[PDB]
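Visitor: before the rest arrives, take these chain(s) from the complex:
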Amino acid sequence: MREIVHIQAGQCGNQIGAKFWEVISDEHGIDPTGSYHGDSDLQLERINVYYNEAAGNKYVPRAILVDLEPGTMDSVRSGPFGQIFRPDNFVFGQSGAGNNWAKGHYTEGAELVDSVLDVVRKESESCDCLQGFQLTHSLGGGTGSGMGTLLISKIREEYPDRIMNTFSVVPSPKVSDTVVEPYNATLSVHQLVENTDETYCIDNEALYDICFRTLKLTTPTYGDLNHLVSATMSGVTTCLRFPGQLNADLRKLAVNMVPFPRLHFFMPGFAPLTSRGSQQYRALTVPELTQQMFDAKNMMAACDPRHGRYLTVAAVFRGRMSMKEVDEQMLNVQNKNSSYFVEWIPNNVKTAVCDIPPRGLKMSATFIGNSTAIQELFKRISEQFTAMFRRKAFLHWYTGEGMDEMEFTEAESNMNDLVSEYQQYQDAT
Amino acid sequence: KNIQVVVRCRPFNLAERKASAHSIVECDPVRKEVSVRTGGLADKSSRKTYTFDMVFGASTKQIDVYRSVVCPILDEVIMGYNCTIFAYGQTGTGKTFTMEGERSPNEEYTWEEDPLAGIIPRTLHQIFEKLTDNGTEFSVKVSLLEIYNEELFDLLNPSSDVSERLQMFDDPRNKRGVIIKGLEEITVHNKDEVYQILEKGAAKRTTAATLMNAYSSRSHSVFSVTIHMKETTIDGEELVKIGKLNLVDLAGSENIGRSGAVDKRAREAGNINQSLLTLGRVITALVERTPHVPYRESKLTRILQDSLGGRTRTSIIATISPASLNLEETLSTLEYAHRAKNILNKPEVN
């Protein structure tokens, strides 16, 4: 069991979460019938663990939706498997964040907590202990993050067993219409880093690039983008959930990836990633996928992977894995960069393979380890913040929030310290 | 600056006696060094030896060091130069024991009075007189740091509640480092007041119980004394300085079975090991120095940066438990003390 309910916070969290649910539910493949598409009983079992059974062996999601506005909740319910999800799990808040970090945080949290306990209990019912909960929210939304943060902090505190991992989209530092928007982000960032030992973010740019190439849409489709993003995330959870010839603890891996709890950042990787036409026409070779993950383009995040190095490297495998492929992976990692592997520990990357290749393409890969670019990205982000400070924007908001302006400075300092340390280490062998 | 630990050796442990093993190190104050047999059984004669500015045998007492240390203590405080003391040793070392010192039984003497009490109590008393001598305004704002899950509780602080977290910001007052301000303390008029208050505070304060030592705090214990001083010189210039002393009783390495600690205690213990290890980490990390500035990130490290190589000044005295048993840990301790040696801290007025 040890199923983890996913909680979404922030407008993004809500939006993503719905997709997340859809993806997961799709992963379950459990119809509203509650019949199990998957032949494997076990897979059904995992799903069953994941979601409580409605009659007809339906599975009802366990999660709390963050209600920026009640509409979002309506949206999800309106969206498919509205029946599948049961509103009891659903929490409501018309006010939503109110786009006040403090206000939203304070107001929402009380509402959330009750649901939180209830939901947590359910999971506890499912498995006595859960590895931890992963919540998806928007870091950029100060409010969205802020609301999320409280739950995350509390939950982790409540159970040391659980480890708090968060997904939030980072606003790409590449473009900021204004400093102020990132201002929310910085606040979220500061809170988030403390909140979670490990945090995961995706650059806006990464979304932009990935979406733009794939969609070729002028503006990214939220659903579409969410779909892809959710899928990659789904892969990791799916992989962990699903048995592998060798299985690696997600937590254990998570512990593994960061040499220390300090490094919140994780670099996601999804694959195969190709153009729509490309994927359809041709199938990547196993080694190709591995290479693909290395490539920035394939990776959701945008970076110069060559430029970046991985303090730690890790790979996940799905489908059958070649022994040779492993060696190839090891060799390639060394080949691509010495920096790619940490100097400290040779052959950092370790991979676990699922017994059964993921639905869809048998071969799937995730990217593990962090890149210089992302770390730089953080630094870049803080850069906006400083400008924001110069702006002293959100002065009014800060006042209204009652959040310290000094707190912002503290966030900057802390983030600076962490980023500096991270960068220093990353730069360092 | 930073001082390598002066060693006070715990008298041969009763528990050690239970083992009836000889301590790997022979606690010889004369040596002013201790060595554990590297040869060990293979070579009793052969021993890895560690030297410190002073090393003391079991016969040596915390008091013995304590008096010596005691005098220099006042100076740092009086200046407002932050003073900190850390004791290094295995659990059951008497790291706490020496650190606290012993109050004469039935509190025949207050902590300060007791030579039995460690350096701190005497120095505290001396500070009392010193303040009297100075005639400066001295107030001590007290905050208690009992750390559970890196939570600080101000039992010491006269408020029932634990003091609020001080803001982690470079205090503009403090030139360097990160400073914790906004601390709520209730000052006590006098050191004597401190004596009485401390008694109250102690009751408030608790340590995680340890089977290995009830005495031993399971959690890392952090006792902080803040002294606000204001005087008007012969010049008549009015000078205001703030002195601060952190007396830290870190938990030693523990294993659950040995500890007999509660699992939660163990959870504390994991923190316990982590903290020290983190601290171990600091010297080895220490070197790169640019930029990804390797210091502040941990709370402990954060305090630490101020502590050593920071605005606050600390000195290290180590007391050890005779037991060889935590050889790795003790070795870690000894090595760590050396590790500490690498970086020295500059004293500064708070």
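Guide: Alright, I've got the coordinates. Residues are numbered from 1 along each chain as shown, chains lettered A, B, ... in the order given.
Visitor: tell me which element residue A:314 is part of?
Guide: Per DSSP states H and E, residue A:314 falls inside strand A:313-317.
Visitor: and the strands in chain B?
Guide: B:7-9, B:33-36, B:48-51, B:83-88, B:137-147, B:152-153, B:167-169, B:179-181, B:186-188, B:221-232, B:238-249, B:315-320 (DSSP state E).
Visitor: residue A:250: which of these is closest?
Guide: Closest to residue A:250 of the strands of chain B, according to CB to CB: strand B:137-147, at 29.4 Å. Heads up, the C-betas are built off the backbone N, CA and C, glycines and all.
Visitor: between that closest one and strand B:238-249, how big is the angle?
Guide: Counting by axes from the mean of the first three to the mean of the last three CA atoms, to 10 degrees, strand B:137-147 lies at 30 degrees to strand B:238-249.
Visitor: give the buried residues for strand B:137-147.
Guide: B:138-147 (16 or more other CB atoms under 10 Å in any protein chain shown).
Visitor: quick one: those residues as a markdown table, columns for distance to chain A too.
Guide: Below are those laid out as a markdown table (distance: CB to the nearest CB, whole Å):
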| residue | distance to chain A |
| --- | --- |
| B:138 | 29 |
| B:139 | 25 |
| B:140 | 26 |
| B:141 | 21 |
| B:142 | 24 |
| B:143 | 19 |
| B:144 | 21 |
| B:145 | 19 |
| B:146 | 17 |
| B:147 | 15 |
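Visitor: what's the closest of these to residue A:39?
Guide: Among these, and counting by CB to CB, the member closest to residue A:39 is residue B:147, at 52.6 Å.
Visitor: pretty sure that closest one is in contact with residue B:217, am I right?
Guide: No - here residue B:147 lies out of contact with residue B:217, judged by CB atoms under 8 Å, at a distance of 9.3 Å.
Visitor: what about residue A:429, how many residues close to it?
Guide: Neighbours of residue A:429 under the rule other CB atoms under 10 Å in any protein chain shown: 12.
Visitor: sorry, that was for residue A:346
Guide: So residue A:346, with other CB under 10 Å, has 9 neighbours.
Visitor: and the gap between it and residue B:295?
Guide: 28 Å (CB to CB, to the nearest Å).
Visitor: comparing the strands of chain B, which comes out most buried?
Guide: strand B:7-9 (a mean of 31; mean count of other CB atoms under 10 Å in any protein chain shown).
Visitor: okay, now the sheet partners of that strand, with direction.
Guide: strand B:315-320 (parallel) (DSSP bridges).
Visitor: residues touching the partner strand, excluding its own?
Guide: The contact list for strand B:315-320 (CB atoms under 8 Å, 6 or more residues apart in numbering or on different chains) reads B:2-10, B:25, B:27, B:34, B:52, B:56, B:62, B:65, B:69, B:83-90, B:93-95, B:97-99, B:119, B:330, B:333, B:337, B:340.
Visitor: give the contact list for residue B:128.
Guide: Going by CB under 8 Å, 6+ apart, the list of residues near residue B:128 reads B:112, B:190-192, B:194.
Visitor: kindly recompute the last result at 10 Å.
Guide: Taking CB atoms under 10 Å, 6 or more residues apart in numbering or on different chains, we find residue B:128 in contact with B:112, B:138, B:190-195.
Visitor: and which of those is nearest chain A?
Guide: Taking CB to the nearest CB as the measure, residue B:138 is the one of these closest to chain A, at 29.2 Å.
Visitor: neighbours of the nearest residue to the closest one once chain neighbours are set aside, how many?
Guide: For residue B:138, ignoring the flanking residues on the chain, the nearest one in space by CB to CB, 6 or more residues apart in numbering or on different chains is residue B:131 at 4.0 Å. Residue B:131 is flanked by 21 other residues according to other CB under 10 Å.
Visitor: residue B:131 against residue B:229, yeah?
Guide: Yes - Residue B:131 lies in contact with residue B:229 (CB atoms under 10 Å); the separation is 7.7 Å.
Visitor: now for chain C, put it on the one above:
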Amino acid sequence: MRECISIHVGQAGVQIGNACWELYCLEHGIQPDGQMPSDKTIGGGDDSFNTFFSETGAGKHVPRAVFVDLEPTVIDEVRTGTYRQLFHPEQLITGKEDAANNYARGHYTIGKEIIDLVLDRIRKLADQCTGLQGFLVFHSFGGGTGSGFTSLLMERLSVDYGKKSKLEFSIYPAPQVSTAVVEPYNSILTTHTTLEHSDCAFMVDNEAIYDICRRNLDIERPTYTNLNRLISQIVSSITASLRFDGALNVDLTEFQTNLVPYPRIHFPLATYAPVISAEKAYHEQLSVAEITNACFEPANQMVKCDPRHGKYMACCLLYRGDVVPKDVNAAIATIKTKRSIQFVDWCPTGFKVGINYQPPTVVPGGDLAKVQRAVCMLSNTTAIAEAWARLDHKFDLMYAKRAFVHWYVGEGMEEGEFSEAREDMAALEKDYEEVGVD
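Guide: Once chain C is put in with the chains from before, the structure reads:
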């Protein structure tokens, strides 16, 4: 008689156990029903049969083995396997606890839960056995749990066993690559503690075995499992030979005892030879001489090594079945030529060479074409030492890093203890090297 049932830890360990057990099962020829399509074995289950599995439901050969499933996944594996079907559910034990594990954390926490259950099972088995000298069990180094189990488990069992030692199986990462950083973390701590407890250790080169299979099969992958099969086969072979009647039968422990004049090298190296491709068999039957050559040649030996590079304080090869006269004749000459072999200072005597009466047997369902002789060799290998050095290098680097303090910290395991373990390992390796040199 004495019966040993392996305990396998970790997914890999369990997986190995499954393969080994299954291989045994194939040998037994007993259906998953537990009633053999074959007739009842002579003496009921053979002594070997009893040894591997206690016999219950007589007239039916139902294996008994103890498996621990830290993860429920393992349980599924167990249940999935035929053997479980034969096995009474009592035999199977699953830990409630997750693996989880941090390597340090897992063993202590997990072990306690397992130990009580296992001990009871063990005792009953011991009761079943006339007497149990010790248990042979497989554990996975790479898994934190797998490594963890061995250390904790071994001591307790050793205590229970008393003088008679247990044989331990371990997974040794090839020095070339490590599956994960974590494993080497496990390695030192587990190894140092374990080694003292264990009379011997079994070393396998995960990569090497894969490679060895890889060459003959000429398929690197798929499958890993296939590689596993060979591993199961080799391990099965050695035990099998002992299990099988022999004109001279030596207990493994005795043999290993013979192998190392000193406890210093608790663990014999494990080798399998000759390796034969199926195709090669098709081309021709292996000659005894070819067997002899194959056995020597480092490719054949499980760990890749340069025979010069490695030193064998003693090298022996146990052979299944009947050692052919040829095989024997060829051997002296080989040993003679081989510079590489080291000497003990004292005395040239003390060994045994040994033949099993029973004719050579091929494990059924062998992926590879059957070899007339399957052999293992116990020796001291450089590769282990080099792996040790490699691990040491990484470990020291890790030490410098002070990385993954937190994991250990979570365990509450001492860093100092860890460093001590490293030191001990270094001491052991250095001592081992020192002793190794004449």
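Visitor: now with chain C: the contacts of residue B:128?
Guide: Residue B:128 sits in contact with B:112, B:138, B:190-195, where contact means CB under 10 Å, 6+ apart.
Visitor: using CSV, write out every CA atom in the strand holding residue A:314.
Guide: The C-alpha coordinates for strand A:313-317 follow below in CSV (Å, rounded to 0.1, in the frame of the first residue of the first chain):
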residue,chain,number,x,y,z
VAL,A,313,23.2,11.3,-11.5
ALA,A,314,20.5,8.7,-11.5
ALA,A,315,18.5,6.9,-14.1
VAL,A,316,15.3,5.1,-14.0
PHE,A,317,14.6,2.2,-16.3
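Visitor: helices or strands next to the following helix or strand past that strand in the packing?
Guide: Using DSSP H and E, the helix or strand that follows strand A:313-317 towards the C-terminus is helix A:323-336. Using 3 or more CB pairs under 10 Å, 6 or more residues apart in numbering or on different chains; DSSP states H and E, the elements in contact with helix A:323-336 are helix A:286-294, strand A:313-317, helix C:206-217, helix C:224-243.
Visitor: angle of the shortest one against helix A:286-294?
Guide: If I follow you right, that is strand A:313-317. Using the same axes, to 10 degrees: strand A:313-317 against helix A:286-294 is 140 degrees.
Visitor: so does strand A:313-317 get close to chain C?
Guide: Yes - counting by CB under 10 Å from any CB of the partner chain, chain C is contacted by strand A:313-317 at residue A:314.
Visitor: what helix or strand is residue C:268 on?
Guide: Residue C:268 belongs to no helix or strand, assigned by DSSP H and E.
Visitor: re the thing from before, name the helices or strands packed onto the strand holding residue A:314?
Guide: Strand A:313-317 packs on helix A:222-241, helix A:250-257, helix A:286-294, helix A:323-336, strand A:365-369, going by 3+ CB pairs under 10 Å, 6+ apart.
Visitor: again, 6 Å this time
Guide: Packing partners of strand A:313-317 (3 or more CB pairs under 6 Å, 6 or more residues apart in numbering or on different chains; DSSP states H and E): strand A:365-369.
Visitor: what residues does the strand it packs on touch?
Guide: A:236, A:257, A:267, A:269, A:271, A:289, A:293, A:299, A:310, A:312-316 (CB atoms under 6 Å, 6 or more residues apart in numbering or on different chains).
Visitor: if you set the cut-off to 8 Å instead, what comes out?
Guide: For strand A:365-369, the external contacting residues (CB under 8 Å, 6+ apart) are A:232, A:235-236, A:239, A:253, A:257, A:266-272, A:289-290, A:292-294, A:299, A:310-318, A:348-349.
Visitor: quick one on the thing from earlier: the strand holding residue A:314 vs helix A:250-257, what angle?
Guide: Using the same axes, to 10 degrees, strand A:313-317 lies at 150 degrees relative to helix A:250-257.
Visitor: what residues sit buried inside strand A:313-317?
Guide: Neighbour-count burial for strand A:313-317, with 16+ other CB under 10 Å as criterion, is recorded at A:313-317.
Visitor: assign the residue most central in space within chain A to helix, strand or coil.
Guide: Nearest to the mean C-alpha position of chain A, counting by CA atoms, centre = their mean, stands residue A:167 at 3.0 Å. The local conformation at residue A:167, judged by DSSP: H, G, I helix; E, B strand; the rest coil, is strand.
Visitor: so what's it bridging to?
Guide: residue A:136, residue A:200.
Visitor: who in the stretch 151-300 of chain B is up against chain A?
Guide: For the stretch 151-300 of chain B, the contact set with chain A under CB under 8 Å from any CB of the partner chain comprises B:167-170, B:178, B:267, B:288, B:290-298.
Visitor: show the buried residues in those residues.
Guide: Buried among these (16+ other CB under 10 Å): B:167-170, B:178, B:267, B:288, B:292-298.
Visitor: among those residues, which are in helices?
Guide: Judged by DSSP state H, these include residue B:267 as members of helices.
Visitor: can you tell me which of the buried ones among the residues of the stretch 151-300 of chain B next to chain A are up against chain C?
Guide: Of these, not one also sits near chain C (CB under 8 Å from any CB).
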